[PDB]
RNA sequence: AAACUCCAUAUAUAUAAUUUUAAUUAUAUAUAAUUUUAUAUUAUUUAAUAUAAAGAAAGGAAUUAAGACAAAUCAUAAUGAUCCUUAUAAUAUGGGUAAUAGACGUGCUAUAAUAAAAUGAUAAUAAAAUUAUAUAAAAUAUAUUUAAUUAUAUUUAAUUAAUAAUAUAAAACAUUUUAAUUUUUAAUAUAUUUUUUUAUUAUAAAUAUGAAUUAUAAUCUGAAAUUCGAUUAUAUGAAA
Ligand SMILES: Nc1nc2c(ncn2[C@@H]2O[C@H](COP(=O)(O)OP(=O)(O)O)[C@@H](O)[C@H]2O)c(=O)[nH]1
Ligand SMILES: [Mg+2]
Ligand SMILES: [Mg+2]
Ligand SMILES: [Mg+2]
Ligand SMILES: [Mg+2]
Ligand SMILES: [Mg+2]
Ligand SMILES: [Mg+2]
Ligand SMILES: [Mg+2]
Ligand SMILES: [Mg+2]
Ligand SMILES: [Mg+2]
Ligand SMILES: [Mg+2]
Ligand SMILES: [Mg+2]
Ligand SMILES: [Mg+2]
Ligand SMILES: [Mg+2]
Ligand SMILES: [Mg+2]
Ligand SMILES: [Mg+2]
Ligand SMILES: [Mg+2]
Ligand SMILES: [Mg+2]
Ligand SMILES: [Mg+2]
């Protein structure tokens, strides 16, 4: 299980020939942006194991890019079980780190998190 | 007791020599970010890649590499940065540029030169401009030359030398 | 402030219409023939010259494809996708297909292959690429009195011209007429001299009939006559095809307005009605081997109609006319349309495509140099969503990410 | 019949009673069952074959329950009539149910059964001291 | 909607008859929404509180034995007395 | 001050007969870091940089001392002094707080093609929060010949709530269109660019931008919409 922003991705990674199913449908159908797909691939790409592992991702919450990132995160963790020696390498690549970047709340006086309303001197 | 299997060990060994692959071409990503405006990165990406495709079609050789070369050519290696100079004459100094800054300068010029082209779609205009630069024709080059000349004046205004 | 040479169009238009196929490597590839598929079963194949000529006229090669990448438009033969479809076409008694699949899977390409096959095997082809033109209201129309439907005599003329040119004249002029035909003349010459043009039964030909040039109000009559003639003749097979048939299914009512301000129904038009008649068991062609091959487009809208027509969903009666038109379904059921799902690419096929692209010199330097080939292929397969050809192509060429 | 009671408080929802039945569990013939379902309309869900209805019209809970019961009985009587009123040719309106489904989310998808690898699963590792211990 | 309209209307009428709910096929303003609205008056009335609450007056009634002192009242009385003393007392009220 | 605190994060345990299910969750209780270790390179046993291996380990909120500004508040409320007590206290009906020369802040909408509009039902993808002084689903009717959309009416299914409703999130992405633009159209031919090409004919500073201002008709809330409210339609289409 991986997470990012509001997204949560439970991912079943298995040893069969490399095909993808995100949330009960084809990968290109779910993630339209190629960037998201590339991100998802990256854990399998740092290893030479894209094509080796079948991946069945199941996402919930957040938006598409965040969902894709959460899936990627989950996949790295799943891969780590298959061969523990690659764990360090995955960590170095920056896939085993849970991306903490959390949406800042709207503070009272400010318009958004940081965006304050205009100041005046006179 | 860890117990690593033989096949796993062999796989790890095979991996060890290979370096970790880069997630982005950095210069391209920077360019896409600069193009982008309202957190609408996807649109900027589409624009850029479409332009590069067009460039490739016009002149059949790696478009990214050609763009990088163009940037290298165009990017002025230093800039005559102005200073207050302790409340006196504003004595300008040549200052070396970071890679991003170098390519940022180039990109703005490229964008400007594209904006003079005809089409409605900016991506097309951009691609035409990139092809022209690859072939070797722009006012951007002239501007760079001028900048270099201005840097050459003020030789020893550099402080540490 | 524009020159002839400069590119003024938007991107997709530019790629279609500015000939950047000019600067491309010549490739001595094998030729597409159904009789010798055993030789070139899973290989890229350029079309024959005659096929190309026919295919362009028909309107098979489309704008949003990457046909600009090569000297001419190119496909590969596929055992699971194209070859199987061809076999079905050959074998089946009804010979009546609708090419379904996900967006970018290669339905048009399948259609183009089917057209090419028909050309090879001495068949006439009536292709209607993009029914949007006749369905959406962007050309003149008129209510004919004899035929109780709205004719469209700009589109119709174009369609007639396409029919004339796509097909060879020897095959087309082998057909003698069943009836005599009077038409209004509309030449620059013989306007005052010949007020009417007359085609006789045995003496005249289908080619001659096609070449007739009337006023707009007789154009629909001419079209009707031609269709009838083609239905009657048993000497040559007639391949009817409609690509982006999804639009037709969904756009039940056209943008045209009759005398009272309300939208005209698709079946109240000439073209759409004719098309529907061809689809169904109604305008039955005399010859065997005479097929209708429809094709969906992911571009267009999706709704309950097409699934209901096929063996997919039970008929919900309460869903709206907008999301389910039952007349169209009924028509589809009447003419036994067996659907054909275009399968996504296998790993081997993808590899073969990638190899071809490399040969043609489309691949980027970062893909080729300093990378294992099998690994690259696997990555490409992954990024396409396990072998969506268009998506794969986009990842290969239009990525730059 | 589900009743609700707020202990310390005097809520006005304590009067609310909710009857709920599976329609196949009701003693009906097939024609009559269909008619009953048609009569129910929005109250009958079709995915789960369940018909429920709540009444808050009356002051007390018991009253409301009685009213609900009476309604149910009336519905049953109507279903079992069949005299010059069959409702054989009015299909089941399932629009409310599809709207509800749309409002909610679905997890219908499952792991492909042919993707499974029982051979790759971790086999039982031999623990000798445990085996020795197990003398019972 | 291939299913006929009249039949659907009849079904709807029957359903309405079965339950208590009314059947308005024409779609005319009946006035149902005026009466059917739950009346909110008692809750509105109960806004400020329970007027019968114990006061200092009662703390003499309940417990005469205990000589209680209301402090605020006593203070007020002292203030009044002070005002009277220094010629700042209230003027005598007109009757007419 | 820092720290303990809250939110968020990672892990563990517990509980939930996995129909109130979202277990990819929720919530109690812990543990976790103001991270650690080592090799080197500069400056003097340590401290900054770099490299490496170990880790999920990276933020936000609350808290803003003493004094000062006779800073703000007697219109949250209370109290001192002072003034009013048939009036400066109390109730009703209407009007005003919304007046308009110029001026000053904050915003909103704009001035079109790296940007606007149509469409997108096996309904692409969220979170947080509200619903007994209620939330109002489906469906029918009218605006509107199909229907959808949007707006009202008709009438209340369900739920006072991890159960039903507010509510199919929207950008995104895709096709289509887009004046300025003879950078297009349509009549002919033309053809291996056919949702298109070429040839020759005719196509002659605010729009198919913007939405101020106004006219009429309806609808909504309320007992009541004139001063003075909110929608929808048909027109109006400033400035920029
Ligand atoms: N089957 C097949 N398809 C190809 C080949 N080469 C390219 N294609 C792709 O096929 C696509 C056509 O798919 P289509 O189903 O018409 O897309 P749709 O119009 O969205 O339905 C194009 O986008 C091409 O990129 C090929 O050799 N075989
Ligand atoms: Mg298509
Ligand atoms: Mg502190
Ligand atoms: Mg669950
Ligand atoms: Mg202080
Ligand atoms: Mg003061
Ligand atoms: Mg003060
Ligand atoms: Mg006071
Ligand atoms: Mg007071
Ligand atoms: Mg008073
Ligand atoms: Mg005010
Ligand atoms: Mg302010
Ligand atoms: Mg605009
Ligand atoms: Mg509704
Ligand atoms: Mg709900
Ligand atoms: Mg939606
Ligand atoms: Mg102006
Ligand atoms: Mg406007
Ligand atoms: Mg607007």
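All Cβ positions, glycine included, derive from the backbone under ideal geometry; neighbour counts span all protein chains shown. None of the figures in this text is laboratory data; all of them are computed from the coordinates on show.
Tabulated data
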read-out	value
With Cα atoms, 0 to 90° folded angle of helix A:34-46 axis to chain A main axis	50
Spacing of the two label points (7 Å from each Cα toward its C-beta) at residue C:316 and residue B:2, in nm	5.7
Distribution of pairwise C-alpha distances over chain E, 5 Å bins, in %	2, 8, 8, 8, 8, 7, 8, 7, 5, 4, 4, 5, 5, 6, 5, 5, 4, 2, 1, 0
Residue mean of other protein chain beta carbons inside 10 Å, A:89-102	1
Spin-label pair residue B:149/residue C:334, simplified geometry with 7 Å Cα→Cβ offset, distance in nm	8.0
Value at 222 nm in deg cm²/dmol, rounded to 500, when DSSP H runs of n ≥ 4 in chain B each add -39,500 (n - 2.57)	-19500 deg cm²/dmol
Alpha-carbon centroids, region C:135-192 and region B:100-147: separation in whole Å	51
Tail fraction, Cα-Cα pairs, chain C, threshold 36 Å, whole percent	30
Difference of contour (0.36 nm per residue) and Cα-Cα distance, residue A:87 to residue A:102	2.9 nm
For peptides C:309-318, D:123-132, C:286-295, sequence by mean Cβ density within 10 Å, most packed first	C:286-295, C:309-318, D:123-132
Near-label residues of region A:65-101 by backbone N, under 13 Å of a point 7 Å along Cα→Cβ of residue D:125	none
Spin-label proximity, residue E:3 to region D:73-95 - amide N less than 13 Å from point 7 Å beyond Cα toward beta carbon	D:87-95
Computed helical MRE - 222 nm, chain D, DSSP H runs ≥ 4 contributing -39500 (n - 2.57), nearest 500	-10000 deg cm²/dmol
Per-pair calculated FRET efficiency, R0 = 51 Å: residue C:6 and residue C:235 via Cβ, rounded to 0.05	0.50
On Cα atoms only, tilt of C:347-360 relative to the major axis of chain C in degrees	90
Candidates D:121, D:99, D:65: whichever shows maximal mean-square fluctuation once chain D is modelled as a Gaussian network with Cα springs under 10 Å	D:121
Rg to Rh, two decimals, where chain B supplies the alpha carbon set and Rh follows Kirkwood	1.16
Where labels lie 7 Å past Cα in the beta-carbon direction, separation of residue B:18 and residue D:24 in nm	5.3
Partner chain coverage, peptide A:21-27 - average Cβ within 10 angstrom	5
Net length gained if the chain between residue D:81 and residue D:111 were fully extended (0.36 nm per residue, minus Cα distance)	6.0 nm
Most fluctuating residue given options C:197, C:119, C:337, as computed from a GNM of chain C linking Cα atoms under 10 Å	C:197
Largest-first ellipsoid semi-axes for region E:36-83, taking √(5λ) over the Cα gyration tensor eigenvalues, angstrom	38, 18, 5
With Cα atoms, 0 to 90° folded angle of helix C:107-120 axis to chain C main axis	70
Highest to lowest packing among A:67-77, B:131-141, E:42-52, scored as the average C-beta count within 10 Å	A:67-77, B:131-141, E:42-52
Segments A:39-47, C:392-400, C:299-307, A:99-107 sorted - mean Cβ within 10 Å per residue, highest first	A:39-47, C:392-400, C:299-307, A:99-107
Per-residue average of Cβ from other chains inside 10 Å of C:6-19	5
Efficiency of FRET from Cβ geometry, residue C:289 and residue C:217, R₀ 51 Å, rounded to 0.05	0.90
Inter-centroid distance (Cα atoms) of region C:94-110 relative to region C:27-85, Å	15
Residue with peak Gaussian network fluctuation, chain C [Cα springs, cutoff 10 Å], from C:269, C:89, C:29	C:29
Estimated FRET transfer efficiency (residue B:160, residue B:65; beta-carbon r; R0 35 Å; 0.05)	0.50
For chain A, calculated [θ]222 nm from helices alone, where every DSSP H run of n ≥ 4 adds -39500 (n - 2.57)	-10500 deg cm²/dmol
